[PDB]
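**Student:** Right, I'll just put the structure down here and ask away after.
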Amino acid sequence: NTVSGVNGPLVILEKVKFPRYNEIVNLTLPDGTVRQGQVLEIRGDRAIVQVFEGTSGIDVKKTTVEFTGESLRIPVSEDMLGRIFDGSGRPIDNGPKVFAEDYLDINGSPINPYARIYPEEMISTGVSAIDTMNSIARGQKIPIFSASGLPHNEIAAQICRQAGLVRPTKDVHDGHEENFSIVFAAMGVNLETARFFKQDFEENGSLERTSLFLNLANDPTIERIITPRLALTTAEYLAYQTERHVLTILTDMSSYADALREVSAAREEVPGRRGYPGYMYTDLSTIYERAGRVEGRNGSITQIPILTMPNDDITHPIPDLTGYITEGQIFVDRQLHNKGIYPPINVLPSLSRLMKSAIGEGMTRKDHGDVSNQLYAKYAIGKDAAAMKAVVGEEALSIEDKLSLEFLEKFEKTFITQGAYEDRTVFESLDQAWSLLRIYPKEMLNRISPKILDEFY
Amino acid sequence: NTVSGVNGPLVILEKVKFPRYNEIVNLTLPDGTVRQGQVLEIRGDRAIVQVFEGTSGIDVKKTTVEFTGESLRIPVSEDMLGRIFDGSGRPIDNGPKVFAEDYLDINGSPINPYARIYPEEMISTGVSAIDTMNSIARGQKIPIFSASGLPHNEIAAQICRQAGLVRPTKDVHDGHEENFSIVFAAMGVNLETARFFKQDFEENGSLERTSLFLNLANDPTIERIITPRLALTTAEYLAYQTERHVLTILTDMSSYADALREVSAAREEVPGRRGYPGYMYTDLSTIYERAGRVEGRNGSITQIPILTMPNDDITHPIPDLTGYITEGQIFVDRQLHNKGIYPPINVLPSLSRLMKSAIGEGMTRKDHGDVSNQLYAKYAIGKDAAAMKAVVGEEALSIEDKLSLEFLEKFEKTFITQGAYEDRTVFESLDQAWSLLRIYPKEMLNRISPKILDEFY
Amino acid sequence: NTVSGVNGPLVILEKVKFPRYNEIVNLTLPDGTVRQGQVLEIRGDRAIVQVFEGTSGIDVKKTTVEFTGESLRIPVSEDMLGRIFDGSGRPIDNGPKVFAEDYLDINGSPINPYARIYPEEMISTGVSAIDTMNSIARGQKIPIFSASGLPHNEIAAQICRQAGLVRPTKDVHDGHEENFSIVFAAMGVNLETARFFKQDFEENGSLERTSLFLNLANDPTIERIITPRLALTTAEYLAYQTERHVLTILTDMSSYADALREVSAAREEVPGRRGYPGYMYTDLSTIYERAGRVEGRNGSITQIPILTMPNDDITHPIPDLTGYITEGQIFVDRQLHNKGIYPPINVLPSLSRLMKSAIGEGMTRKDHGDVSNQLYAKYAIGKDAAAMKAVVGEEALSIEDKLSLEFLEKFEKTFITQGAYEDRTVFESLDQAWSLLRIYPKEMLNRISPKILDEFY
Amino acid sequence: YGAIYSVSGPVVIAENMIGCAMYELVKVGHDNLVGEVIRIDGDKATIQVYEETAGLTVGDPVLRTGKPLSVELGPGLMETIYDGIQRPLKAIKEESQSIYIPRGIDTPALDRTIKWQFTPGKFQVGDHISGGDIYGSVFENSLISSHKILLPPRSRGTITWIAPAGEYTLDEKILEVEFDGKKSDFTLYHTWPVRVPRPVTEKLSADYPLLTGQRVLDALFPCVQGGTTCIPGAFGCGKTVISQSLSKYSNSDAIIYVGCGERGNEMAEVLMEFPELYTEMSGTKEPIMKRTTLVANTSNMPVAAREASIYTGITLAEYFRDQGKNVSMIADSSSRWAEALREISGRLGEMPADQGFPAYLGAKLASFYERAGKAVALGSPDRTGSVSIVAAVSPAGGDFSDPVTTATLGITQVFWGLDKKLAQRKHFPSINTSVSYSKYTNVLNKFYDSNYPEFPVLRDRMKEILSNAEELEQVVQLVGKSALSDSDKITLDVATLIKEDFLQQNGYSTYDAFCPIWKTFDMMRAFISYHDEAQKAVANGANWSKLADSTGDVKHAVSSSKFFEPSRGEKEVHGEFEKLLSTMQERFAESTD
Amino acid sequence: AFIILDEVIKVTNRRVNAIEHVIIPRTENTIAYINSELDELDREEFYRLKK
């Protein structure tokens, strides 16, 4: 029909009642430009659409509507790596075209087949603090919690690039037997960021390794929400049909959450805690549910979402929600970054509750998990002692505390300090970790089972 | 009188003008069960009812309604006592109707003479910590402020138990010369705790003297608020017609308060501060209305409400509005509880203003208000002396602060710490208080007349 | 036609579209009471009027309307000086009105000619503590930030009365030659407070030089928000047309902000933090647009608003936004009031943004900047010295602290403490500065050029 | 005429109402209940109903009375306890057997059956009269005739007939005015609408005090009649005690006691206290109660009444001000009144923008308060009247930076503090110097200088001690002191004394809270003198411990001098204090050497 | 005196550290977190009344 009105990202159509929910419609501007949207609400003889593309210039009887008569599905192909796409279901970059062999829905249940069997295969990042203290699995979800003084993009790229070199070393070990694929999606970040990422992937290896979805900040909030959904379709097909392990790097996850926030402000929808939607739980879930092993059980989708915290607080709604849902927490610290530690990952609150699922034992040691717990415990004591060193001085602290202050310093500067291309095998990391444990005496290492301490020291 | 719609438990009826405010309706369901409901609002060509038994079975054209023709009134008996009753009455709790002697309006429309007559003589609760510090007088409302993380239930139980054990000690004192009756109205309390209340009355042998109305937290919200209103009407019958001293315990005011919030989310009336009604105060005041001394001095109703602070602050709505109406407050203590004390209240936030003028003589002394004041002063300082020790050390502490520290402990574990079957005379309380208070010279004590302090030092 | 209804001070009249925006309409009641209103909003087939006169006792069927045909404008003359008016410009001097030479728009002003040549020349108030530490330039917006533990109003009479008597003392320095007028607006004033200002200006011989507008805390809000608007216009007519410096004193800004909160929800709009409008700013800015030097470059509208916070609350929107537009603020101390130093203003948290460029010449010295530095730094060390003394003793106090200890009491008792009719320009302030400073040696006075110092120590 | 469309709470909607005013008294229902149409939106009138609802049906007739809600001002107001629109409680108590007026039952504001003694004025047949003039008097009160029968404000004309002395009723006619034909018959009582303020000839300067009798009040800043005063409360800081004590000391000719939405036991208490308690000068017969008119509302009464309570009280205060009587308006607590506006805001279906309190709150809180003050009496005979409002204020948002407290501090001129934590240690009122201010100080202190006290000097010094003491106390806590300068200990020590003698008072021990304004001057005089000797002694040499110990005997006596009140003579400056002064100097010498 | 000064300095060095490191960030975190929750209750109400 024709546009009735427009109030923000919501468009009021006066139409007829034949449309179905999320059925595509195309808005024909008087310029003769077509932009796409999907109906968010349908009522009798009228619709509310949210348009992906644009949010202004929308007329009345000079404008027209046309129905596509297909509710939105993403055209998925398995020849997607190396190929350049834009976050809009097609490239607007003029990159190699998407093609379709299935079109798969982004609602969060197309044909979805996931974990009835939990991850047991270890996948390494080449970084000790990640791998040893928390571990990463063939379905693991780990949030990178970052800040406005940390460089989020440099760490994001760091984890991805080094996990591509380690992952074939692990294929030979028989941790794997199937392909590796990267799906990189950037949604609504700066130009400066976008360019940087592509440059990073090229240096380490190639861009044949990865598939790229690029979405620009100048493009709307409505576009931004569809951008990860496009990533999900890509990854699920690859795992399902061609038994490939898929690694998704989703940047920026915070970018996506602010978008949700905008479609409740310029909607009449009342928001929940701290101005973030009440139905914010469901929006976030959609990304995280579509993870784990994929049917055949040689395919998988593994997630590393990248969150930048704006206030850097742990009372902000985004970091909290994400944490309950995700299988691990990786906290990256501004204070380490300042001191000259790269990567500057603080493990004080990094925790996995699904620690068993995260570790490996058939392509990693059984001792891996036992040592990690002890290390974490001994790091924590070393932090309690650090605060006490400032207050009390060395004028009353105990013999035991002194060992813990030394351990803390040796631990930051050796374990967490690694070259920009220097990759550590998980077995070598144990040897490093054992050096860290070795200064404490056999009565301070009392919590650990006697069997392990007498065996390996 | 057919249903237009149902939104929530609230039902929109079409009917034509007839019903008066709070006129009962009978809901005829097509399953062959009649359920009762109250008109909350009467309007032009519709009335809106909220149903007391469930909300199930409401249809549009398969339901019919017929009018009771009668505004809500309580069927009252004085043989109601010695028996278990319920808001609507159930046969499975042995009490399917009171078998009325009189129908009295629950709004005290026949007559309601209260609050132009001043409180009479002191009454024993058997707890030293209440009785000295706060004056509980017949024909007064003094509330118990309670808190979460603490069994508030246990405090209510101690009051029920000690009620009727005090009354022969008083009969000799000349504090009593008329019957004692307990009216227990339970609403929204846990099911397990309801059963503990029932056992306490039987054990003491005070089952005879009490009537129970029990409203669960699965019984509808409008029904829930009406149950305490029923029990107070019953108290007015006994107090005024047959000259009983009534002690009515109304637990738990938090469940009443919650109910207020959930209703009016579908009327024209629309909640106040933080989603709690602005007219929450009006509700409260209807409960406080039927309490007080009675004209011509036939009997009294005394009321001890139990409030649970849900956030553990008294700056929250439930303590805040209630506290302005009430003549003082007795607020519990979180800290004592952890230690293990029972009853665990504290005296610093507890004050009754009308203490000096209210009380009798011949089992409560003249020195009663004097000694309370002194006991609080030494305790304020003791609490603070702990705080200065934490930060700096023994640096701002002195001979005066060091005494006060000793005071805070001896008082906490001797005065406040008692049994839950211990009956303590107001004469006993004062004797013990003076013994404790010997810790400072007569010249350091000037919060008391020098006349009084020599007699009783 | 008739009045359709009333809801609050909002009057809904059923009329076509006949009044233009801001057109005064006369509601004619037949009971000897004529009332005037302004259409606040005009909508289709209805208009919303808020009445200047009353708020209740309006008929909804016996009222008739007449259109004045004149949108709100202020009759401005200059024989207004030496006369007391109310909040709508009607005289409370009694006797015939003054009328106009112009009707000028109050809404934002019909020509707005305000500064793009920043403030030069010094304005004195008559108090050394304000002048030297917190210098005010012609057309510079420096308010007095006050609190409720002080009589904010008294301190305000004092600045007004003593201002423009400074201008003759300046004529002798030959810094001024132009006629000074003063505009006074009292908003939400008590009768007793109101009379206090009138009687004070009358003593000084400043009453002839000022016009006073009183809006009482009992008159409509709409009338009260208009009160500063009328005052800003009088000041502007005198600045522009007759090339005069006019100082306008706007007390109390909280009354005006409160009034806006009452009209926020009167309106069909939604407020911001803590219930205070998010478009509070827009309103405040209207005041501020009239503020500054007028084009002609020897006339100005200088503005001192007084804002009272409840207990120095900076959680409140009002000091945080108002403080942004303005260029510094003058903070008053309760601690000095309590000691009995009056005026009790403290010059250390107080600021003048541009202070070396907020003075002129021939009516200041160039030594002004150097002394502001010296005065400030020694008063701060003295504040530290008081606290120090108490811990260390006097038997262990430092020799520099002793000079600082004395400095603290003399700066307060000479510079800050002064009479209710004392007057000060920058030269007078400056002589008193050197006598406080004289006590410090030259080698402790090093923020000052060696030139100045050898002449004035 | 009108028809009830809906009953929603205690608030009633009625259709078919037009040409009505916005304060019209309306009769709602078939029981003829009192109600008031605040607003009308089209044909629908929202009515605040000042009786209960438990059986109001739709389709019942609503009849407008054709006039505003007004109050009746005249004879027999004294010695009666009223609700918030005025109904005589006593008549109801025997007859209905109730205290909260039930539906089906109504009574008019004053009694009809009581005859009064009428005495003629100064005016005679032919004389022009206008508003606030004295047309006669009725002898009421203990000590003076308090009821001046005044012609209502804004009414004028000529009196054709002044009736002679005798006894007459107050529904009976005794005056006729001619102005546009016969204007009307007048009775003893005359009518005025409560939502409308009374006019006055003019406002006047406050310079006359009121004897509050509270030592701490009289000491720290002036006590003012014509006043505007706030005292913070919080419900559990001795606040009720100091209010009833205050009603008994007040030395004003009339006192109007206003229950906003109180405890209900207290509305019993003030009633019982008044006929059997003696005033400060001591009245003749039923001292306090004869002088008192009582508006008593508990929380349990209708919120429509609680809303009205404060208005009834101020119109009574204002009538009396115009009579040329000095009046005390004692109101407790405004926050409960504010809570009443809030109860109505949610029920009508308004938009609050002040933490669940109405947007309208600020204009109503202010408008009401401006009616108090000292003023020149309305009318030709010329008299002086005053209304001093002593108002308690309390939290209501739970904060202290909640709207209720923000609006009240701005409009008030006088604030004397109170702290809850110190109050618990028992030292109420436990005044906070920092939140306290007075604007009245200068004119009031000039007045007191004329009256004999050297007050102003002490006052600054009382404040100065308490201020430095405060600061010193944070420094003892924070650093955790290892020493003090010998002077600072004196400051702290002299402040402790101030706490006992003034701040620690109990309003039911009248030996421990009563002093006339001069007695107060002498006690403070003694303290300020002690500080003055003590500062000099350290300066001339002597240790603090030497200063404290050698001063000794006189230090005990001044501490213990708070247990006294005039009872050694009708004299306000005693030998008790004059003797101490010379002995104190004698003590000083000892300390020094 | 010298031995007495040495004993006192140690108590004094401990306090200067103690205030900065512990107290000041504990006050900051508590005030800001409560401020943020308190304003939220107030804002949502306005939105619900408006809706």
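Residues in the structure tokens are named by chain (A, B, ... in the order shown) and by number from 1 within that chain; ligands are numbered from 1 in the order shown.
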Can you check the Cα RMSD once chain C has been least-squares fitted onto chain B over every paired atom, in order?
**Tutor:** 2.3 Å
**Student:** Dump as a count of residues only the residues of chain C that approach chain E to within 9 Å, counting only C-alpha atoms.
**Tutor:** 9
**Student:** Report as a tab-separated table: every residue of chain C with an atom at most 7 Å from chain D, its closest pair of atoms, and their distance in Å to one decimal, counting only C-alpha atoms, with rows sorted by chain and ascending residue number.
**Tutor:**
residue	atom	partner	partner_atom	distance
C:4	CA	D:42	CA	5.7
C:5	CA	D:41	CA	4.6
C:6	CA	D:39	CA	5.9
C:7	CA	D:39	CA	5.9
C:56	CA	D:22	CA	5.3
C:57	CA	D:21	CA	4.4
C:58	CA	D:21	CA	5.3
C:59	CA	D:19	CA	4.8
C:60	CA	D:19	CA	4.9
C:61	CA	D:19	CA	4.5
C:62	CA	D:19	CA	5.6
C:148	CA	D:409	CA	6.5
C:149	CA	D:435	CA	4.3
C:150	CA	D:437	CA	5.5
C:151	CA	D:439	CA	6.0
C:190	CA	D:370	CA	6.5
C:192	CA	D:205	CA	6.6
C:217	CA	D:366	CA	5.6
C:218	CA	D:367	CA	4.1
C:261	CA	D:359	CA	6.7
C:262	CA	D:359	CA	4.6
C:265	CA	D:351	CA	6.1
C:275	CA	D:353	CA	4.7
C:310	CA	D:406	CA	5.8
C:334	CA	D:434	CA	5.8
C:335	CA	D:434	CA	7.0
C:338	CA	D:463	CA	5.6
C:339	CA	D:464	CA	4.2
C:340	CA	D:460	CA	5.5
C:387	CA	D:475	CA	7.0
C:390	CA	D:484	CA	5.3
C:391	CA	D:483	CA	5.7
C:392	CA	D:483	CA	6.6
C:393	CA	D:485	CA	4.4
C:394	CA	D:485	CA	6.2
**Student:** Only N, CA and C atoms, please: the residues just picked out, written as an mmCIF file, in the first residue's frame.
**Tutor:**
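Result file follows (out17.cif):
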data_model
loop_
_atom_site.group_PDB
_atom_site.id
_atom_site.type_symbol
_atom_site.label_atom_id
_atom_site.label_comp_id
_atom_site.auth_asym_id
_atom_site.auth_seq_id
_atom_site.Cartn_x
_atom_site.Cartn_y
_atom_site.Cartn_z
ATOM 1 N N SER C 4 -15.408 24.230 28.808
ATOM 2 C CA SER C 4 -15.686 22.795 28.551
ATOM 3 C C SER C 4 -15.492 22.051 29.869
ATOM 4 N N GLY C 5 -14.365 22.337 30.608
ATOM 5 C CA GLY C 5 -14.125 21.721 31.878
ATOM 6 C C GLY C 5 -12.977 22.413 32.503
ATOM 7 N N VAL C 6 -12.518 21.865 33.727
ATOM 8 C CA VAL C 6 -11.227 22.282 34.400
ATOM 9 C C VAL C 6 -10.642 20.987 34.968
ATOM 10 N N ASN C 7 -9.299 20.830 34.830
ATOM 11 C CA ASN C 7 -8.558 19.749 35.435
ATOM 12 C C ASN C 7 -7.253 20.430 35.972
ATOM 13 N N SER C 56 -9.707 28.219 40.988
ATOM 14 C CA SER C 56 -10.864 27.443 41.276
ATOM 15 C C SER C 56 -12.059 28.374 41.504
ATOM 16 N N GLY C 57 -13.321 28.006 41.139
ATOM 17 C CA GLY C 57 -14.568 28.694 41.256
ATOM 18 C C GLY C 57 -14.985 29.240 39.965
ATOM 19 N N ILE C 58 -14.761 28.372 38.911
ATOM 20 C CA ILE C 58 -14.989 28.709 37.521
ATOM 21 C C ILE C 58 -16.191 27.927 37.079
ATOM 22 N N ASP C 59 -17.157 28.551 36.298
ATOM 23 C CA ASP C 59 -18.383 27.870 35.884
ATOM 24 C C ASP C 59 -18.173 27.139 34.555
ATOM 25 N N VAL C 60 -18.982 26.138 34.257
ATOM 26 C CA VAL C 60 -18.664 25.397 33.007
ATOM 27 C C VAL C 60 -19.754 25.511 32.010
ATOM 28 N N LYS C 61 -20.591 26.524 32.278
ATOM 29 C CA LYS C 61 -21.774 26.704 31.479
ATOM 30 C C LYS C 61 -22.231 28.174 31.521
ATOM 31 N N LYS C 62 -21.731 28.998 32.464
ATOM 32 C CA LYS C 62 -22.198 30.375 32.662
ATOM 33 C C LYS C 62 -21.027 31.268 32.256
ATOM 34 N N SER C 148 20.200 26.092 52.489
ATOM 35 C CA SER C 148 19.105 26.357 53.428
ATOM 36 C C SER C 148 19.512 26.444 54.878
ATOM 37 N N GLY C 149 20.853 26.534 55.173
ATOM 38 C CA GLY C 149 21.252 26.668 56.593
ATOM 39 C C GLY C 149 21.677 28.082 56.867
ATOM 40 N N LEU C 150 21.260 28.995 55.981
ATOM 41 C CA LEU C 150 21.704 30.328 55.909
ATOM 42 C C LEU C 150 20.433 31.000 55.489
ATOM 43 N N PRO C 151 20.307 32.315 55.840
ATOM 44 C CA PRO C 151 19.322 33.152 55.247
ATOM 45 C C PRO C 151 19.830 33.699 53.929
ATOM 46 N N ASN C 190 8.014 35.785 51.019
ATOM 47 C CA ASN C 190 7.174 35.880 52.123
ATOM 48 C C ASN C 190 6.946 37.311 52.220
ATOM 49 N N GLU C 192 6.950 39.254 54.921
ATOM 50 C CA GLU C 192 7.890 39.801 55.901
ATOM 51 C C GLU C 192 9.277 39.999 55.263
ATOM 52 N N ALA C 217 4.555 33.671 47.389
ATOM 53 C CA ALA C 217 4.564 32.170 47.320
ATOM 54 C C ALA C 217 3.168 31.659 47.534
ATOM 55 N N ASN C 218 2.084 32.250 46.807
ATOM 56 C CA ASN C 218 0.667 32.023 47.079
ATOM 57 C C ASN C 218 -0.110 32.335 45.821
ATOM 58 N N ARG C 261 8.411 22.516 37.652
ATOM 59 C CA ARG C 261 8.035 21.106 37.965
ATOM 60 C C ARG C 261 6.530 20.988 38.116
ATOM 61 N N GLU C 262 5.853 22.000 38.733
ATOM 62 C CA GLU C 262 4.383 22.010 38.774
ATOM 63 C C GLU C 262 3.791 22.093 37.416
ATOM 64 N N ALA C 265 3.833 18.552 34.575
ATOM 65 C CA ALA C 265 2.880 17.518 34.584
ATOM 66 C C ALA C 265 1.500 17.984 34.439
ATOM 67 N N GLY C 275 12.055 13.650 38.910
ATOM 68 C CA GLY C 275 10.819 14.284 38.613
ATOM 69 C C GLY C 275 10.914 15.640 38.034
ATOM 70 N N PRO C 310 19.040 22.182 48.678
ATOM 71 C CA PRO C 310 18.436 21.764 49.988
ATOM 72 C C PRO C 310 19.459 21.520 51.068
ATOM 73 N N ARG C 334 28.122 27.411 55.788
ATOM 74 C CA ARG C 334 27.307 27.312 57.023
ATOM 75 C C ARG C 334 28.244 27.345 58.127
ATOM 76 N N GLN C 335 29.458 26.785 58.024
ATOM 77 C CA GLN C 335 30.416 26.685 59.130
ATOM 78 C C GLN C 335 30.798 28.020 59.658
ATOM 79 N N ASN C 338 27.604 29.687 61.573
ATOM 80 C CA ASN C 338 27.518 29.098 62.887
ATOM 81 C C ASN C 338 28.518 29.751 63.819
ATOM 82 N N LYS C 339 29.778 30.063 63.378
ATOM 83 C CA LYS C 339 30.771 30.739 64.213
ATOM 84 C C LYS C 339 30.305 32.158 64.598
ATOM 85 N N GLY C 340 29.581 32.821 63.664
ATOM 86 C CA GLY C 340 28.941 34.071 63.861
ATOM 87 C C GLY C 340 29.629 35.042 62.998
ATOM 88 N N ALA C 387 43.083 22.369 61.827
ATOM 89 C CA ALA C 387 42.966 20.964 62.051
ATOM 90 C C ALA C 387 44.229 20.355 62.661
ATOM 91 N N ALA C 390 45.056 21.237 66.626
ATOM 92 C CA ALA C 390 44.276 20.410 67.482
ATOM 93 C C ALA C 390 44.938 19.049 67.820
ATOM 94 N N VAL C 391 45.458 18.377 66.772
ATOM 95 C CA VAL C 391 46.317 17.190 66.934
ATOM 96 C C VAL C 391 47.646 17.511 67.559
ATOM 97 N N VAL C 392 48.499 18.382 66.920
ATOM 98 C CA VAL C 392 49.865 18.539 67.360
ATOM 99 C C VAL C 392 50.038 19.172 68.776
ATOM 100 N N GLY C 393 49.242 20.246 69.045
ATOM 101 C CA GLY C 393 49.140 21.185 70.222
ATOM 102 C C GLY C 393 49.560 22.575 69.736
ATOM 103 N N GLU C 394 50.168 23.380 70.676
ATOM 104 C CA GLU C 394 50.717 24.703 70.502
ATOM 105 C C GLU C 394 52.152 24.639 70.956
#
**Student:** Excluding residue C:81 and any residue of its chain fewer than 6 positions from it, enumerate the residues within 9 Å of it, using only C-alpha atoms, and give them as a CSV table (one decimal) with N, CA, C and O atoms, in the first residue's frame.
**Tutor:**
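This went into around-v9.csv:
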chain,number,residue,atom,x,y,z
C,181,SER,N,21.2,51.6,36.9
C,181,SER,CA,19.8,51.2,37.3
C,181,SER,C,20.0,49.8,37.7
C,181,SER,O,20.9,49.0,37.4
C,182,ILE,N,19.0,49.5,38.6
C,182,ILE,CA,19.0,48.2,39.2
C,182,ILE,C,17.6,47.5,39.0
C,182,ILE,O,16.6,48.3,39.2
C,183,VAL,N,17.4,46.3,38.6
C,183,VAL,CA,16.1,45.6,38.4
C,183,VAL,C,16.1,44.5,39.4
C,183,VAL,O,16.9,43.6,39.5
C,207,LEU,N,16.3,53.0,46.6
C,207,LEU,CA,14.9,52.6,46.2
C,207,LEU,C,14.5,53.3,44.9
C,207,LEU,O,14.0,52.7,44.0
C,208,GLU,N,14.9,54.6,44.7
C,208,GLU,CA,14.6,55.4,43.5
C,208,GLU,C,15.3,54.8,42.4
C,208,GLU,O,14.8,54.9,41.2
C,209,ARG,N,16.4,54.1,42.5
C,209,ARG,CA,17.2,53.5,41.5
C,209,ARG,C,16.8,52.2,41.0
C,209,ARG,O,17.3,51.7,40.0
C,210,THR,N,15.9,51.5,41.8
C,210,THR,CA,15.5,50.1,41.5
C,210,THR,C,14.0,50.1,41.3
C,210,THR,O,13.3,51.0,41.8
C,211,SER,N,13.5,49.1,40.6
C,211,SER,CA,12.1,48.7,40.5
C,211,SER,C,12.2,47.3,41.1
C,211,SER,O,13.1,46.6,41.0
C,212,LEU,N,11.1,46.9,41.8
C,212,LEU,CA,11.0,45.7,42.5
C,212,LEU,C,9.8,45.0,41.9
C,212,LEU,O,8.8,45.6,42.0
**Student:** Skip stretch 490-503 of chain D itself and residues of its chain fewer than 5 positions away, then list as a PyMOL selection string all residues within 9 Å of it, counting only C-alpha atoms.
**Tutor:** (chain B and resi 446-447) or (chain D and resi 214-217+219+427-431+462+465-466+468-470+472-473+512-513+520+523-524+527-528+530-531+534-535+544+548+558-563)
**Student:** As number ranges by chain, which residues of stretch 13-126 of chain B does DSSP assign to strand (DSSP E or B)?
**Tutor:** B: 13, 20, 23-28, 34-43, 46-51, 64-71, 73-76, 83-85, 90, 95, 102-105, 114, 122
**Student:** Find the residues around stretch 238-247 of chain C up to 9 Å (only C-alpha atoms counted), leave out those fewer than 3 positions away in its own chain, and share them as a ChimeraX atom specification.
**Tutor:** /C:77-78,113,138-139,160,163-164,178-184,233-235,293-304
**Student:** Any chance you could list, as a ChimeraX atom specification, the residues in stretch 329-362 of chain A that come up alpha helix (DSSP H) when DSSP is run on the backbone?
**Tutor:** /A:334-339,355-358
**Student:** Please list as a short mmCIF file (atom, residue, chain, number, x, y, z; two decimals) with C-alpha atoms, in the first residue's frame every residue within 12 Å of residue D:514, counting only C-alpha atoms and excluding residues in the same chain fewer than 2 positions away.
**Tutor:**
data_model
loop_
_atom_site.label_atom_id
_atom_site.label_comp_id
_atom_site.auth_asym_id
_atom_site.auth_seq_id
_atom_site.Cartn_x
_atom_site.Cartn_y
_atom_site.Cartn_z
CA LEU D 211 6.91 32.61 75.24
CA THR D 212 7.41 28.94 73.92
CA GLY D 213 8.97 28.23 77.35
CA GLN D 214 11.36 25.83 75.89
CA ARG D 215 14.84 26.76 77.14
CA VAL D 216 16.68 25.60 74.02
CA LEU D 217 14.27 27.49 71.81
CA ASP D 218 14.47 30.77 73.78
CA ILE D 242 7.46 18.76 72.87
CA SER D 245 4.27 20.88 76.22
CA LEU D 246 4.39 23.75 73.68
CA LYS D 248 0.58 24.43 77.56
CA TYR D 249 3.38 27.11 77.65
CA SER D 250 2.03 29.31 74.82
CA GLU D 280 1.75 29.39 82.41
CA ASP D 501 21.02 22.60 80.41
CA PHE D 502 19.21 23.55 77.25
CA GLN D 504 18.20 17.90 77.41
CA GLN D 505 14.63 18.72 78.37
CA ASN D 506 11.62 16.55 78.86
CA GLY D 507 8.27 18.04 78.15
CA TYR D 508 6.45 16.16 80.96
CA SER D 509 8.91 17.28 83.71
CA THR D 510 8.10 20.94 84.04
CA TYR D 511 11.18 21.43 86.33
CA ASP D 512 13.33 20.34 83.30
CA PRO D 516 10.83 32.50 81.32
CA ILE D 517 12.89 34.47 78.63
CA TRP D 518 14.88 36.23 81.38
CA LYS D 519 15.68 33.05 83.29
CA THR D 520 17.07 31.66 80.06
CA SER D 561 20.92 24.26 87.74
CA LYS D 562 18.70 22.76 85.10
CA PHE D 563 16.56 21.29 87.79
CA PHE D 564 15.10 24.71 88.63
CA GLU D 565 12.26 26.94 87.54
CA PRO D 566 10.83 29.99 89.20
CA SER D 567 9.76 28.85 92.66
CA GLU D 572 12.80 36.11 86.58
#
**Student:** Could you check which of B:129, B:395, B:259, B:48 is closest to chain C, using only C-alpha atoms?
**Tutor:**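 The shortest atom-to-atom distance to chain C comes from B:395.
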